[PDB]
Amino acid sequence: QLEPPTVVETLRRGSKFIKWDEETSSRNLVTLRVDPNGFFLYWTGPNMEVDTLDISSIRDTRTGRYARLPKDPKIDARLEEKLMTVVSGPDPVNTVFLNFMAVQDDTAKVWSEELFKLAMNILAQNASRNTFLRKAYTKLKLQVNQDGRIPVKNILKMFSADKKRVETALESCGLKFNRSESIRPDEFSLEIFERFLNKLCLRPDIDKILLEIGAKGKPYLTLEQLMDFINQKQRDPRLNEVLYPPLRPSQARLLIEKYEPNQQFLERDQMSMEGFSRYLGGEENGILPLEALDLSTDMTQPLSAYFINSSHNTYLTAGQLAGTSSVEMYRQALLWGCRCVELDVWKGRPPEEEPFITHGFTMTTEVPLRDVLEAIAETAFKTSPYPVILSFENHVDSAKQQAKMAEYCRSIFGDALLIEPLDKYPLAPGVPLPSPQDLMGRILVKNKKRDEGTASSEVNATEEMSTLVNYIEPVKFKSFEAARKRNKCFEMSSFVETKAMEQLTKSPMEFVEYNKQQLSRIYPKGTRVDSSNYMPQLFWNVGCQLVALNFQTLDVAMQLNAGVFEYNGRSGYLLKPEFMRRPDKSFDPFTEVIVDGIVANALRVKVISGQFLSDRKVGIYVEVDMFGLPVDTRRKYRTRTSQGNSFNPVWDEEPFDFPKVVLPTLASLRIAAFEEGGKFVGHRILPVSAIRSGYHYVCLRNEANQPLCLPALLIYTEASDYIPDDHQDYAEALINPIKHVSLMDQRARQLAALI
């Protein structure tokens, strides 16, 4: 199962390395190491002034042959597998490369692999509010000056939300507050940072929660008031009492012993306002259960039973019309969990027998096919072991090159490439499509066998490229009645958005039917020349699996894509609802009403407060949207721009109500924070069926879903099982029936006198 990120003794102690780019002249030797928490990769250079790389911003680590090399500087032989490249950035396009050639040999490998595990660790990305604060603290302790001191101006910059109050907070702890002075690591402990935060960041919002329930005799809280709170206010009402037993007295004690600092309250089994503040942002009071973020989904259902993270013209970094095509976008897409990349291939030059990749008749730079194939075999299963689809849009007018095109596929992917069908799933009608489990570490080829754009005119299908196509054989779509009569799960068809839209409004149930056995791929229209994106939720709602997007444009479409594909271990495969999988069953995606055998939910979301949301003093407003079926969708709610600050804003506004969610198992809540003007602070994508109830911190994310550190929101939620407006009486009678039958037996007993 999942593990906290352990940092090996080697990365703790440190190893010597040479830092370099293409301009560096002299050999710059540095000692690389990772703090014990696995937050930052830090090296101290010549100046003795430190440089830090946030390990959560890392996108890939390369070594051996997949690592970057230079030329000019130079170092004879080549088997120097001590080259390590670190790739980080806030989205697939804006990648930054750091090179660290090791001094000792058997180290670069160990580092490259260890850094990778820390960077892609799930608990690290979904850590407690307390941990992201302890992370901020770690940065202040590493980014020391040339004299191993913590510059006060670094504490004023980290909290530039209010520099005047910061001075008062530091002074209150007996720390330097002047912009010219420094603080010695020895006198700047986690204790004194937590004290610093508590005096800077007044929390009238937490006061209001201690008063809620209960202790009006207020300085502290009792073990019972806390156990009753965790069990009643903070527990998910949808969960079974046997499967998820409530906390006992013995377990509520461990919480006071774990969080209560005042060694005198701990004695009298009581918790303080400081000890409750620690719990609110601890690792038991997360917004989501670990089961949601984990690889817990059934991976044995047919390939058609899953939504699959997909990309459109993956090779593009900017717009469709003109622009540059990359080899690096494939690496970034695949590493991000994408399970379906697109190779719009053209034909090679006469002397240069090598086919290239680009868009079409647009003066758009091209990259060699061979260079894209290798980049895929390299990254395809680094962040996921589940199958990868290669969407081929063939324009090769050559028997030789198309053959040499098949030759590369067998050569570069080797045993991974699925060349023949499985013993259990023959390409016969009636047979279902294989499990993602059945195709672990496999490359399936999607090409012809024997404003739509360049997808309206592909070349003929030769035998070389036809002998690799098996389970994802694309074919001219006729109707749903046809694909049904035919009954072939290995026959799939693509649909340009506008084409997909017509089938969505005209035959939605017939479209869901189809998606239970066959795969359907949706791709944006040729008009979106600015690589704009369509809302994938339209097509997921009709069971569309391969709903491709422009990974180079982080608009709300991709933000929602990254959001939902973080879940199920980032596997890149999400299992469709039961009533969108079973042959037995069918419902109308346009249903304005609940559906028999499906449990609808009600969601109440109240924005209570935010902490360190901007570096500059400005008003903040938070949006609360819901994506799912058309009836379950609301892109409306918005709080009023905060008081006037960005430090500890409190909001007193009724909760945003989603009283009826027909298909909660397909709905995703979106919480996005903004500055007065529209400047995006951060957001979060939460599954409605997993989101917990009560007061929980929502640790915010950037457009790419990378975890921000200081920005966060304290929200109150009530995710409950839906009860129609009138059936509230019959509902309560089924839940505690004894009370109900106790009164009717009482009244009857009280009427025995008058027969």
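One rule holds for the numbers: they count along the sequence shown, beginning at 1.
Engineer: Would you mind checking whether any residues of the deposited sequence sit unmodelled between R450 and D451, and how many (none, 1 to 3, 4 to 9, 10 or more)?
Structural biologist: The entry has a long gap there, with 10 or more residues left out between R450 and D451.
Engineer: Can you count the deposited residues that have no coordinates between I75 and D76 and report it as none, 1 to 3, 4 to 9, or 10 or more?
Structural biologist: 4 to 9 residues lack coordinates between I75 and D76.
Engineer: Output the stretch having the higher mean C-alpha B factor in the entry; the candidates are 556-564 and 243-251.
Structural biologist: Mean C-alpha B-factor is greater for 243-251.
Engineer: State which stretch shows the higher mean Cα B factor in the entry: 465-473 or 590-598.
Structural biologist: Per the PDB entry, the higher value belongs to 465-473.
Engineer: Quick one: which of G441, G628, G286, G526 shows the highest Cα temperature factor in the PDB entry?
Structural biologist: Top of the list by C-alpha B-factor: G526.
Engineer: Which of these, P219, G610, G682, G281, has its C-alpha atom at the highest B-factor, as the entry lists it?
Structural biologist: It is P219.
Engineer: Going by the CA temperature factor in the PDB record, which third of the chain does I213 belong to: lowest, middle or highest?
Structural biologist: Its C-alpha B-factor belongs to the highest third of this chain's values.
Engineer: Ranked by Cα temperature factor within the chain, is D269 in the lowest third, the middle third or the highest third?
Structural biologist: For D269, the deposited C-alpha B-factor lands in the highest third.
Engineer: Can you tell me whether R59 has a C-alpha B-factor in the lowest, middle or highest third compared with the other modelled residues of the same chain?
Structural biologist: Within its chain, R59 is a lowest-third residue by C-alpha B-factor, going by the deposited values.
Engineer: For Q517, return the chain-relative third of its C-alpha B-factor as stated in the PDB record: lowest, middle or highest.
Structural biologist: Middle third.
Engineer: Where does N121 sit by CA temperature factor within its chain: lowest, middle or highest third?
Structural biologist: It falls in the bottom third of the chain.
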